[PDB]
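Below, each chain spelled out in residue letters.
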Number of protein chains: 2
Amino acid sequence: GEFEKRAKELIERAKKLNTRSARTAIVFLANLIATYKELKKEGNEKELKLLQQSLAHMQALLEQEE
Amino acid sequence: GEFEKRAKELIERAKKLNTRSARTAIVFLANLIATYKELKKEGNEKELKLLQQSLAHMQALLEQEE
Ligand code: NA
C-alpha cells in the first residue's frame with residue numbers, strides 16, 4: 001500500500017481519539033486514499049507527491065494531538 | 001467569519017488548479033467549515049484551534065501548486 005497503509009495507520013491512530021475534529025480527519029484521510037488510487041492509475045506523479053505531502057502534514061497534526 | 005473566509009480563500013485558489021487532487025482539498029475545506037461552525041456553537045475551543053492549524057497546513061500545501 002505505501003500511501004494507503006500510512007493513511008490507514010493514521011485512520012486507526014486517530015480513531016482512538018474519537019472527537020469531531022478527528023472524525024473529520026478520518027473522512028479526509030479515507031478520501032486521500034481513494035484519490036491516491038485514482039491518481040496512481042492516471043500516472044499523475046505531481047499530484048501523487050502533493051497528496052503524499054498532505055499525508056505528512058496530517059501526521060504532524062495527529063501526532064501532536066494524541 | 002475568521003475561519004470561514006480564509007477557508008474560502010483556500011477554496012478559491014484550489015479551484016484555479018483544475019486538478020483531481022484539488023477537488024479533494026475543496027471537499028475537505030467545505031467539511032472543515034461545517035465542522036468549525038458546529039463545535040464553535042458548543043464552545044469546544046481546543047478543537048477550533050486544531051482546525052485552525054489544519055487550515056494553515058492546507059494553506060501551505062496549496063502554495064506550491066501556484
Ligand atoms: Na474530506
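As shown above, the structure is provided for reference.
Residues numbered from 1 in each chain as written, not as in the entry; some residues may be left out. Chains lettered and ligands numbered in written order. Heavy atoms only, no water. Residues with missing side-chain atoms left out of burial classes, pairs and counts.

K.L.:
So what about the overall build of chain A? Which residues, and what values?
P.N.:
A tally of regular secondary structure across chain A gives three helices and zero strands. In sequence order, chain A lays out its α and β elements as α-α-α. The C-alpha atoms of chain A give 12 Å as radius of gyration, which agrees with the globular expectation for 66 residues (11 Å, within 12%). Along the first, second and third principal axes, the C-alpha atoms of chain A reach 35 × 20 × 15 Å. Considering only contacts in chain A between residues 6 or more positions apart, those separated by 24 or more positions represent 59%. (Helix = DSSP H or I, 4+ residues; strand = E, 2+ residues; numbered from the N terminus. Rg over C-alpha atoms; globule rule 2.2 N^0.38 Å. Contact = heavy atoms within 4.5 Å.)

K.L.:
Outline the relation of the copies chain B and chain A, supporting the account with residue identities and numerical values.
P.N.:
Note on the identical chains: chain B maps onto chain A by a rotation of 179° and an axial translation of 0.2 Å, with an RMSD of 0.5 Å. Given the turn and translation reported, the copies of this chain are related as if by a two-fold rotation axis. Taking the C-alpha atom as reference, chain B places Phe28(B) closest to the rotation axis, 3.0 Å from it. Interface overlap between copies is the fraction of interface residues in one copy that are interface residues in the other; for chain B against chain A it reaches 100%, indicating a shared surface. (Least-squares fit on C-alpha atoms.)

K.L.:
Could you give an account of the side chain of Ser54(B), naming the residues involved and the relevant values?
P.N.:
Tracing the backbone through its elements, the reader meets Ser54(B) in helix α3 (residues 45-65). When near neighbours in sequence (up to four residues on either side) are disregarded, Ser54(B) contacts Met58(A), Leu61(A), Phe28(B) and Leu32(B).

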